[PDB]
Participant: 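Supplied in structure tokens, the structure appears directly below.
Numbers here are sequence positions counted from 1. Note: hydrogens, waters and symmetry copies are ignored here, and every other heavy atom, side chains too, is used. First listed ligand is number 1; within each ligand, the first listed atom is number 1.
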Amino acid sequence: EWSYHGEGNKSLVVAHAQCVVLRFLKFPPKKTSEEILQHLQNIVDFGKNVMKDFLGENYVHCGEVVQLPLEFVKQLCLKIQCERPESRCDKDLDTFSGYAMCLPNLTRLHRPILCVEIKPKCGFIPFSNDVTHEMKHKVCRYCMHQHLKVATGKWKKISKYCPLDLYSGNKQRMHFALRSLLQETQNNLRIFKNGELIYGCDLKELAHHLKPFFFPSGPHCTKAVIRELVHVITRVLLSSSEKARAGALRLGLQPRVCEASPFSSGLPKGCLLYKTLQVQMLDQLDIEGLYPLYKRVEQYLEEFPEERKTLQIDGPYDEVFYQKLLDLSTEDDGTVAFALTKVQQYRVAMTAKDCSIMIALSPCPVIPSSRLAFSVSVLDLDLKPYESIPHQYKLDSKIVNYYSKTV
Ligand SMILES: O=P(O)(O)O[C@H]1[C@H](OP(=O)(O)O)[C@@H](OP(=O)(O)O)[C@H](OP(=O)(O)O)[C@@H](OP(=O)(O)O)[C@H]1OP(=O)(O)O
Ligand SMILES: [Zn+2]
């Protein structure tokens, strides 16, 4: 009755054939049942108390936490193991707790429905005066990283996608980047049709499944069937129902073009990319940067460990947590309070930098112009842990220093 639907390293999704999925956690071969509730509960809290503000009520969809029979979680886990990539069989499924989270299936909701999930990654190159390496002001994080992934053997080759192409307003750049994602999908593009993964774990094999959409006789080459996708997706990304209202974060745009991008005024105010980009800007300092402040908070919390709970570090992510994030002032007064605020803003921006966007297309409310009804949603919105900020500091040095070798 349930089927594998995809995963990352934090969670696993399985779809109901008869329109809801289930997000299951995944640990190695260690936590308690009490612990796992709070974690999942915080993700719900965070979503509706923080992200629902930053990205709008209809973009962020959440569903409540559920409890299920423990034998039933054992009886699904064994079936799935053949479906899961060998890469992600390092970590096992959350089988013991019996808890899971139920999100509505965006792929499903007679209706032929095409779905494009993107993991756009970071849309800006850092501007902060904390950055010690020169190359970080010229090249984006994504483009530098790509090197170390291919040298590691995570992916077979370099991607020509730069996120700044996609996060720029320009349709010609946005098309190029979308073309570049289709050539090297990696974990940045997946395409679904009627609840089924049809692309990014053959350019011409895609056109077989997409011909019935954009041309419902003939004759249309793959070049045509692919170009409509690129154009439709670009229009839906430049779509907005809120060109007027003032956002929560009014962070000013500060570089517009990456040096590494092989290609050749701004994003619409209400569009999901623009709202996603603002949340990412909360990293006003760099990690270089934010890490000194992390240690300032850390040494305080080690002096006073009961403070970790009372200062809402790992929860609750409630209406007061939200309001603390609003203080944009960047000039350091040497306090814990200042250092703590920036640590929480970074974690939030860190979560906006790893999130996926789900674009649904179906004919048939709202339309790019037969004329295709569309919805736009955002995913992977659970807060990055406080504890992982040192890992991000160390990883930042490695990407830059290795890429700097390659010049
Ligand atoms: O497993 P990957 O496809 O390589 O993706 C990972 C993963 O994100 P997903 O689980 O959503 O796929 C990490 O997120 P966590 O699950 O650990 O929270 C994230 O790590 P951080 O947010 O801690 O940075 C990391 O991003 P990054 O590479 O920027 O460190 C990102 O990897 P890539 O996007 O680089 O593939
Ligand atoms: Zn780039």
Participant: May I ask you to say whether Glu184 pairs ionically with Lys157, meaning some side-chain N is under 4.0 Å from a carboxylate O?
Facilitator: no

Participant: Do the charged groups of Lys26 and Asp92 touch, with an N to O distance under 4.0 Å?
Facilitator: no

Participant: Any ion pair linking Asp354 and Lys119 (charged N to carboxylate O, less than 4.0 Å)?
Facilitator: yes

Participant: In order of chain and number, which residues sit within 4.0 Å of ligand 1 by heavy atom?
Facilitator: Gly8, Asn9, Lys10, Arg88, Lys119, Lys121, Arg141, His145, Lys149, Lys154, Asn187, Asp354, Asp380, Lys384, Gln392, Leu395

Participant: Does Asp380 come within less than 4.0 Å of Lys10, counting only side-chain N to carboxylate O?
Facilitator: no

Participant: Is a salt bridge present between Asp286 and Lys136, judged by a nitrogen-to-oxygen distance below 4.0 Å?
Facilitator: yes

Participant: Does a salt bridge link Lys275 with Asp53, judged by any charged N lying under 4.0 Å from a carboxylate O?
Facilitator: no

Participant: Could you state the interatomic distance from CG (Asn194) to CG (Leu114), rounded to the nearest 0.5 Å?
Facilitator: 8.5 Å

Participant: Regarding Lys160 and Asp165, does a basic nitrogen lie under 4.0 Å from an acidic carboxylate oxygen?
Facilitator: no

Participant: Output, by chain and residue number, all protein N/O/S atoms separated from the Zn ion (ligand 2) by less than 2.8 Å.
Facilitator: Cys140 SG, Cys143 SG, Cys162 SG, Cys258 SG

Participant: For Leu182, does its backbone N or O pair with a side-chain atom of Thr185 as donor and acceptor, under 3.5 Å?
Facilitator: no

